[PDB]
Amino acid sequence: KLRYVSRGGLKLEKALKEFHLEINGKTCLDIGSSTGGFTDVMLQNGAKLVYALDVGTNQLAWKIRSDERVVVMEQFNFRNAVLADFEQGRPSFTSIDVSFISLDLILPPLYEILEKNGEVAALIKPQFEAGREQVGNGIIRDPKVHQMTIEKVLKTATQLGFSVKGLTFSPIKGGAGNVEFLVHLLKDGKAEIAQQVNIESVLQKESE
């Protein structure tokens, strides 16, 4: 009864549930596929196709690598990604779980690539969004730094034209032991942060 190929799958599972996302029949993009937990979640929820992208060599679990619905794009730096790179359908849903890089560098090319009214479920990792001097053991524990990193990503998304439809906390810690957050974006050019988005409330709920 391990339902997913990694505990990472628990992260996207919560996003799908909390953000009321529908994957069935959609062409999906998994940025930072790694072992494939996110891809696995999307496959199980009926994705028509999943592009599995990694800046380095693919590390997909055997089960996921062998899946006919999966299109591997390894040694592929998403910063250099353009719409022409996606030749088997335009992604309308995207999940993002990258490390050692800010979403500031991922969201812009993605905004162009994603289908109109396409959606994004993205992990916000304070340890990669804060300043070097702010990090230190590699864990960010300061609530004010957490807030600032969330604010930073929401600002970047809205400046691009994404609307922010939801925000919550990732159900499990990432990497060296970091609280991380899940944000729901919509490509509509409206730059609207939904009323339900409440950073302080999310921070408080994660802490409990």
# chains A, B, ... in the order shown; residues from 1 in each chain; ligands from 1
>>> select_by_dssp(residues="stretch 1-192 of chain A", states="strand (DSSP E)", output="number ranges by chain")
A: 27-31, 49-53, 70-73, 93-96, 119-124, 162-169, 181-187
>>> residues_around(residues="residue A:194", least_positions_apart="4", cutoff="10 Å", atoms="only C-alpha atoms", output="MDAnalysis selection string")
chainID A and resid 163:167 198
>>> residues_around(residues="residue A:145", least_positions_apart="4", cutoff="10 Å", atoms="only C-alpha atoms", output="JSON, numbers by chain")
{"A": [126, 127, 129, 130, 131, 134, 135, 140, 141, 149, 150, 151]}
>>> write_last_selection(atoms="N, CA and C atoms", output="compact mmCIF listing (two decimals), in the first residue's frame")
# COMPACT_ATOMS: atom_id res chain seq x y z
N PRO A 126 11.06 28.45 0.66
CA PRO A 126 11.70 29.63 1.25
C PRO A 126 13.21 29.54 1.20
N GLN A 127 13.75 28.33 1.40
CA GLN A 127 15.18 28.12 1.40
C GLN A 127 15.80 28.43 0.04
N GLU A 129 14.16 30.86 -2.02
CA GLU A 129 13.60 32.16 -2.39
C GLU A 129 14.19 33.31 -1.56
N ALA A 130 14.66 32.98 -0.36
CA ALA A 130 15.26 33.97 0.52
C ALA A 130 16.68 34.28 0.07
N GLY A 131 17.29 35.29 0.68
CA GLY A 131 18.67 35.61 0.37
C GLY A 131 19.62 34.56 0.93
N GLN A 134 20.28 34.75 4.49
CA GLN A 134 19.11 34.46 5.30
C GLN A 134 18.97 32.98 5.58
N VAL A 135 19.74 32.16 4.88
CA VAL A 135 19.51 30.72 4.95
C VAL A 135 20.19 30.03 6.14
N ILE A 140 15.13 27.40 6.85
CA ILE A 140 14.55 28.68 7.24
C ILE A 140 13.46 28.43 8.27
N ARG A 141 13.57 29.07 9.42
CA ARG A 141 12.62 28.85 10.50
C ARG A 141 11.86 30.13 10.86
N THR A 149 9.01 35.34 1.48
CA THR A 149 9.23 34.48 0.29
C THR A 149 7.93 34.18 -0.44
N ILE A 150 6.86 33.93 0.32
CA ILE A 150 5.54 33.78 -0.27
C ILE A 150 5.12 35.06 -1.00
N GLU A 151 5.30 36.21 -0.34
CA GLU A 151 4.96 37.50 -0.95
C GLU A 151 5.74 37.68 -2.25
>>> atom_distance(atom1="atom CA of residue A:159", atom2="atom CA of residue A:203")
23.2 Å
>>> residues_around(residues="residue A:32", least_positions_apart="3", cutoff="8 Å", atoms="only C-alpha atoms", output="PyMOL selection string")
chain A and resi 52-55+96-99
>>> write_last_selection(atoms="C-alpha atoms", output="mmCIF file, in the first residue's frame")
data_model
loop_
_atom_site.group_PDB
_atom_site.id
_atom_site.type_symbol
_atom_site.label_atom_id
_atom_site.label_comp_id
_atom_site.auth_asym_id
_atom_site.auth_seq_id
_atom_site.Cartn_x
_atom_site.Cartn_y
_atom_site.Cartn_z
ATOM 1 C CA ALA A 52 8.558 14.913 -17.185
ATOM 2 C CA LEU A 53 11.322 17.549 -17.133
ATOM 3 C CA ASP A 54 14.663 17.609 -15.321
ATOM 4 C CA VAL A 55 17.685 19.888 -15.777
ATOM 5 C CA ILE A 96 6.486 22.617 -10.142
ATOM 6 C CA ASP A 97 8.939 21.183 -7.648
ATOM 7 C CA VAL A 98 12.426 22.506 -8.336
ATOM 8 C CA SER A 99 15.419 22.974 -6.053
#
>>> residues_around(residues="stretch 110-113 of chain A", least_positions_apart="5", cutoff="12 Å", atoms="only C-alpha atoms", output="PyMOL selection string")
chain A and resi 28-31+78-87+89-96+103-105+118-120+122+156-163+185-189
